[PDB]
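K.L.:
This block holds the first chain(s) of the complex, placed as they are in the complex; more will follow:
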Amino acid sequence: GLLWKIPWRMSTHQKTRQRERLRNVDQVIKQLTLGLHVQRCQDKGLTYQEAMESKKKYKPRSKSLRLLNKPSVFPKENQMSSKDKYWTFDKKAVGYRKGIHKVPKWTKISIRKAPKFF
């Protein structure tokens, strides 16, 4: 019909970009957590520097942040597998897999955890 010339693989450059994006997302989360921790420290009664130093850093309480922190639910880039950085689970593909770059707004969308065996 109408030619949408989009390849089934990604170029190395694309892959690298994807990786970078993933890393950035992780970093954002990390930063958020750090901020929360330092706020907690300040509330308790410490300085900024002191808070930064502290061995026992506080985990976040809010559900979403906690979930993000868990690597079971939301892996970090170094943890993540090759097969999940550049492919998603498609319920109706051959091999039940599909290049992430096919997913509508893949540059914004985050999607790490494919199914366990698929």
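P.N.:
In hand now; what should we look at? Numbering: from 1, shown residues only, chains lettered A, B, ... in the order given.

K.L.:
Span of stretch A:91-108 from start to end?
P.N.:
Using Cα to Cα, to the nearest Å, the span of stretch A:91-108 from its first residue to its last is 22 Å.

K.L.:
if we look at stretch A:56-66, which residues are touching it?
P.N.:
A:29, A:32-34, A:36-37, A:40-41, A:69 (Cβ atoms under 8 Å, 6 or more residues apart in numbering). Quick note: C-beta positions are derived from backbone N, CA and C, even for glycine.

K.L.:
Of the residues you listed - the most surrounded one?
P.N.:
residue A:41 (20 neighbours; other Cβ atoms under 10 Å).

K.L.:
name the element it belongs to?
P.N.:
Following DSSP states H and E, the helix or strand that holds residue A:41 is helix A:12-44.

K.L.:
same check, this time on residue A:4
P.N.:
Using DSSP H and E, residue A:4 falls outside every helix and strand.

K.L.:
sorry, back to before: name the residues of the next helix or strand after the helix holding residue A:41 that are buried.
P.N.:
Going down the chain from helix A:12-44, the next helix or strand is helix A:48-53, by DSSP H and E. By 16 or more other Cβ atoms under 10 Å, the buried positions in helix A:48-53 come out as residue A:51.

K.L.:
Can I get helix A:48-53 as CSV, trimmed to CA atoms?
P.N.:
C-alpha atoms of helix A:48-53 as CSV (Å, rounded to 0.1, in the frame of the first residue of the first chain):
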residue,chain,number,x,y,z
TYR,A,48,23.0,19.9,53.3
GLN,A,49,26.6,18.7,53.2
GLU,A,50,26.0,16.4,56.2
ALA,A,51,22.9,14.9,54.5
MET,A,52,25.0,14.2,51.4
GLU,A,53,27.6,12.6,53.5
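
K.L.:
Just name the closest of the contacts of stretch A:56-66 to residue A:97, please.
P.N.:
residue A:29 (26.3 Å; Cβ to Cβ).

K.L.:
Run a quick neighbour tally on residue A:26.
P.N.:
Other residues close to residue A:26 by other Cβ under 10 Å number 20.

K.L.:
So it is in contact with residue A:71, correct?
P.N.:
No - judged on Cβ atoms under 8 Å, residue A:26 makes no contact with residue A:71 at a distance of 10.3 Å.

K.L.:
Show residues contacting stretch A:97-111.
P.N.:
A:6-10, A:14, A:18, A:21, A:25, A:85-90.

K.L.:
then chain B, please:
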Amino acid sequence: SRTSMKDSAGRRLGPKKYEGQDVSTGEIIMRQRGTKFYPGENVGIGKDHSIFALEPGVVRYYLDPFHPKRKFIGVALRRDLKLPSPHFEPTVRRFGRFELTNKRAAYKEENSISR
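P.N.:
Alright, chain B goes in next:
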């Protein structure tokens, strides 16, 4: 009838007022077929099994120990207090009538009686 093609519209039944929400006496809370929810404190039930508020207050959904395997919707009279209210503690009533200060009005009220 080679083709079918008939059907009725959706009935829009369901919860119309959620836990924590402030109702006013009369407001419909839940629409339903049958009683999936039962009337609780300060709540009435109409011909459709529609649950509605009898008093101004806050809507709550609860499980009543006295009635296992039944879900309740009720109106707590004020927000702070829980609704499957302690069985022996005195029942929190509203009264909710104002007194006729205006003297003429009061007089009129005094005068008026049953037929």
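
K.L.:
Chain B added, so what about the buried residues of helix A:48-53 now?
P.N.:
Residues of helix A:48-53 classed as buried: residue A:51 (neighbour count, 16 or more other Cβ atoms under 10 Å in any protein chain shown).

K.L.:
Next secondary structure element downstream of it?
P.N.:
Next element after helix A:48-53 (DSSP H and E): helix A:63-69.

K.L.:
what comes up buried for that next one?
P.N.:
Result for helix A:63-69 [16+ other Cβ under 10 Å]: buried residues A:68-69.

K.L.:
Show me what secondary structure element comes after that helix.
P.N.:
Taking DSSP H and E, what comes next after helix A:63-69 is helix A:82-85.

K.L.:
Run the chain-centre distance for that next one.
P.N.:
Helix A:82-85 has its C-alpha centroid displaced from the chain centroid by 12 Å (Cα atoms, centre = their mean, to the nearest Å).

K.L.:
and that helix, which residues are buried?
P.N.:
Here helix A:82-85 shows A:84-85 as buried, counting by 16+ other Cβ under 10 Å.

K.L.:
Who are the packing partners of the helix or strand following that helix?
P.N.:
Sequence order places strand A:87-89 as the next helix or strand after helix A:82-85, per DSSP H and E. Where contact means 3 or more Cβ pairs under 8 Å, 6 or more residues apart in numbering or on different chains; DSSP states H and E, strand A:87-89 is packed against strand A:97-99.

K.L.:
buried ones in the strand it packs on?
P.N.:
In strand A:97-99, counting by 16+ other Cβ under 10 Å, buried: A:98-99.

K.L.:
So what are the sheet partners of that strand and their directions?
P.N.:
strand A:87-89 (antiparallel) (DSSP bridges).

K.L.:
phi, psi of residue B:15?
P.N.:
Dihedral pair for residue B:15: phi -80, psi 130, per degrees, to the nearest 10.

K.L.:
Spatially nearest residue to it, not counting backbone neighbours?
P.N.:
Closest residue to residue B:15 apart from its sequence neighbours, by Cβ to Cβ, 6 or more residues apart in numbering or on different chains: residue B:30 at 5.3 Å.

K.L.:
Show me what the helix or strand that contains the one you found packs onto, helices and strands only.
P.N.:
Element membership for residue B:30, per DSSP H and E: strand B:28-31. Judged by 3+ Cβ pairs under 8 Å, 6+ apart, strand B:28-31 is in contact with strand B:14-15, strand B:51-53.

K.L.:
Could you export those strands as JSON lines, including distance to residue B:81?
P.N.:
Formatted as JSON lines, those follow (distance: least, Cβ to Cβ, whole Å):
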{"stretch": "strand B:14-15", "distance to residue B:81": "22"}
{"stretch": "strand B:51-53", "distance to residue B:81": "16"}
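
K.L.:
Chain C comes next; put it on the structure above:
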Amino acid sequence: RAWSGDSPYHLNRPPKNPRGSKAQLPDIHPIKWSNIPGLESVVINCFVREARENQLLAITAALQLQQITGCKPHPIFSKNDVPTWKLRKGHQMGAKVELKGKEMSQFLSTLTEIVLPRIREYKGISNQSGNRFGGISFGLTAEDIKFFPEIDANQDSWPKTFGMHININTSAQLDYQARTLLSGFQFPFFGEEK
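P.N.:
Putting chain C together with the chains above:
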């Protein structure tokens, strides 16, 4: 039977119906001093089938029952519909009487001393007739009913007579016990082998 909790679906599940049957069964308690077999009640049901046509027959049957027993029967209506036999619901057909206490004892005595003996070829109750929780049943033909005292005294009065079933409920846990008990009251069980 309760469900094995080896899966989360078993959680709020209704239990499995008994391995053997659909219905649940009672516990058999040992026969001690507190729960010896005894006669509980005697139910007589005379479902006159010819009453599908003639409704007066039902009335006559009821009267006969009353005469036999000395306590008011209750009408038996046709509970089902079926075309093969001419049967339609809402039709009085026969009478049913619940006998208890002294009256039931009296009835049993009458059955044993007079009727069952007088019936020509009677070889006794069948041993297979156990309800299985200590209940026993047997029939009487239309002819045997003539042998009752209240009917025998006036054969002129009773042209038509109607056969009946007799059910006997006992405090027995099992059928064999019940039949033994019945034998004590002079009931011949020479009908068969258990």
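
K.L.:
Could you re-examine the contacts of stretch A:97-111 with chain C now present?
P.N.:
The contact list for stretch A:97-111 (Cβ atoms under 8 Å, 6 or more residues apart in numbering or on different chains) reads A:6-10, A:14, A:18, A:21, A:25, A:85-90.

K.L.:
And it, how far out from the chain middle?
P.N.:
13 Å.

K.L.:
State the distance from residue C:153 to residue B:23.
P.N.:
As judged by Cβ to Cβ, to the nearest Å, residue C:153 and residue B:23 stand 81 Å apart.

K.L.:
and those two? which has more neighbours close in?
P.N.:
The neighbour count for residue C:153 versus residue B:23, taken as other Cβ atoms under 10 Å in any protein chain shown, is higher for residue B:23 (21 against 11).

K.L.:
picking up where we left off before, mind listing what's buried along the helix holding residue A:41?
P.N.:
A:15, A:18, A:21-22, A:25-26, A:29, A:33, A:36-38, A:40-41.

K.L.:
Residue C:123: which of those is nearest?
P.N.:
Using Cβ to Cβ, the buried residues of helix A:12-44 come closest to residue C:123 at residue A:29, 94.0 Å.

K.L.:
OK, contacts around the closest one?
P.N.:
By Cβ under 8 Å, 6+ apart, residue A:29 lies in contact with A:65, A:68-69, A:74.

K.L.:
Quickly note the distance from it to residue A:6.
P.N.:
For residue A:29 relative to residue A:6 (Cβ to Cβ), the value is 30 Å.

K.L.:
Same question for residue C:162.
P.N.:
92 Å.

K.L.:
go on, residue C:126?
P.N.:
In terms of Cβ to Cβ, residue C:126 sits 87 Å off from residue A:6.

K.L.:
which of these two has more neighbours?
P.N.:
residue C:126 (16 against 8).

K.L.:
Ignoring the adjacent residues along the chain, who's closest to the more buried one?
P.N.:
residue C:191 is the one closest to residue C:126 (Cβ to Cβ, 6+ apart), at 3.8 Å.

K.L.:
would the one you found count as being in a helix?
P.N.:
No - counting by DSSP: H, G, I helix; E, B strand; the rest coil, residue C:191 falls outside a helix, being coil.

K.L.:
and it, what is it in contact with?
P.N.:
C:123-129.

K.L.:
Among those, the buried ones, what's the PyMOL command?
P.N.:
In PyMOL syntax, the buried subset of those is picked out as below (16+ other Cβ under 10 Å):
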select buried, chain C and resi 125+126+127+129
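
K.L.:
now, which of the contacts of residue C:191 lie within helices?
P.N.:
Residues of the contacts of residue C:191 located in helices (DSSP state H): none.
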